[PDB]
Amino acid sequence: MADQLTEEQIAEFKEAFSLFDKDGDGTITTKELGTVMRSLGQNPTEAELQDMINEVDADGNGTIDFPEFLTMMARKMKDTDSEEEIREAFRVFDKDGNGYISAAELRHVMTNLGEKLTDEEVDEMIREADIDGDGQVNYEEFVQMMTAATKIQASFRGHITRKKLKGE
Numbered sequence: 001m002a003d004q005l006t007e008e009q010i011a012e013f014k015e016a017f018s019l020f021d022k023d024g025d026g027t028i029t030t031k032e033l034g035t036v037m038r039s040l041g042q043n044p045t046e047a048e049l050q051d052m053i054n055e056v057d058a059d060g061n062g063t064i065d066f067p068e069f070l071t072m073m074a075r076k077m078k079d080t081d082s083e084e085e086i087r088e089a090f091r092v093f094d095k096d097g098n099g100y101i102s103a104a105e106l107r108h109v110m111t112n113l114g115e116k117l118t119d120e121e122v123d124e125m126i127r128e129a130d131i132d133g134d135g136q137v138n139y140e141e142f143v144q145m146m147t155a156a157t158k159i160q161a162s163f164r165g166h167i168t169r170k171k172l173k174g175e
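This is the structure in structure tokens:
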């Protein structure tokens, strides 16, 4: 979020702000966060709702105001951007469609795009990816490596924006 202000992007937050805060004032309390959560497909109790307030309100009344909203909104946008991406690579890697990448489905794709990586590197990237001792790369643990390995997850990230931008 580079802060360069126009009247359609901020007027995205005013139309959305009052979607959470149905009342009038301008603060999104436990119940202005909730009534929506249930309207947006998911179910939370008055208690785990509160912790979403607590994320951002580093000033603290118990209710989320605009710039402490904007702060949250661009955070969870970044989360679904991260998550989608790590699902995408996974899919363009795991071809079979089972969610368990045998080295085969990681190894060549890289090379097919000419990613330099030796197989000493890839084999190691599957050892630093092999806990209970099987040999292959599934979802959440492909995901988990994303957050040496430093550079490699910028190779993945980039090539995702390809097949996710050119998919959609």
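Numbered by the deposited numbering, the letters in the sequence shown go through residues 1 to 147, 155 to 175 in order.
Even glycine gets a Cβ: it sits at the ideal position worked out from N, Cα and C.
Bridge-paired residues (DSSP) for residue i
i      : result
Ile28  : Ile64
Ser82  : DSSP lists no partner for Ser82.
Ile101 : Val137
Start and end residues, alpha helix (DSSP H) containing residue i
i      : result
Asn54  : 50 to 56
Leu117 : Element bounds for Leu117: n/a, residue is neither H nor E.
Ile131 : Neither: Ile131 is in no alpha helix (DSSP H) and is coded neither H nor E.
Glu12  : 10 to 20
Residue i (DSSP reduced to helix, strand or coil)
i      : result
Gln136 : strand
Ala74  : helix
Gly41  : coil
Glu124 : helix
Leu5   : coil
8 Å CB neighbourhood of residue i in its chain, flanking five on each side removed
i     : result
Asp51 : none
Close beta carbons around residue i, own chain, < 7 Å, minus the five adjacent residues each side
i     : result
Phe20 : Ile28, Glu32, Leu33, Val36
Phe17 : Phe66, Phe69
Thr71 : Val56
Spatial distance of residue i from residue j (CA atoms)
i      : j     : result
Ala103 : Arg91 : 14 Å
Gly165 : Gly24 : 43 Å
Same chain, Cβ closer than 6 Å to residue i, neighbours up to 5 away in sequence not counted
i      : result
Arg107 : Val122
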